[PDB]
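>
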Amino acid sequence: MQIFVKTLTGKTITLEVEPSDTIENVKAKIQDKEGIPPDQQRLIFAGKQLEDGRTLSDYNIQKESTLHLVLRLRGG
């Protein structure tokens, strides 16, 4: 299924995922496609911060959903 990942810069990235995919795996996909290291990634859906070990299905994330990507940089 297709999902949308909305960043803080007004860029939306499209991903192809399965509800059985883990959050850790989604983050890897994002890294693969945009180059953002997973450790800097903070995914938000329905007011919840998504946990690495959970799957998309745990959160009831359906096709064409939009996740919010917030960056957490290490150092400033």
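The opening position of the sequence shown corresponds to residue 1 in the deposited numbering, with each subsequent residue numbered one higher.
Built from N, CA and C at the ideal position, the CB exists for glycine as well.
(1) Rank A46, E64, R74 and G53 by C-alpha distance to the C-alpha of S20 and give the top, closest one.
(2) According to DSSP, which residues form a beta bridge with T7?
(3) Please list the terminal residues of the continuous beta strand (DSSP E) segment that includes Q41.
(4) How is the alpha helix (DSSP H) around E34 delimited, first residue to last?
This is what the structure gives:
(1) Within the sequence shown, numbered from 1, the residue matching residue 20 stands at position 20. Minimum Cα distance to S20 is reached at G53.
(2) In the sequence shown, counting from the first residue as 1, residue 7 sits at position 7. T7 pairs with nothing; no bridge assigned.
(3) As a first step, residue 41 must be located in the sequence shown, where it is residue number 41. It spans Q41 to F45 - the beta strand (DSSP E) in which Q41 sits, taken as one unbroken run.
(4) For the purposes of this step, residue 34 is taken as residue 34 along the sequence shown, with counting starting at 1. Per DSSP, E34 belongs to the alpha helix (DSSP H) from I23 to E34.
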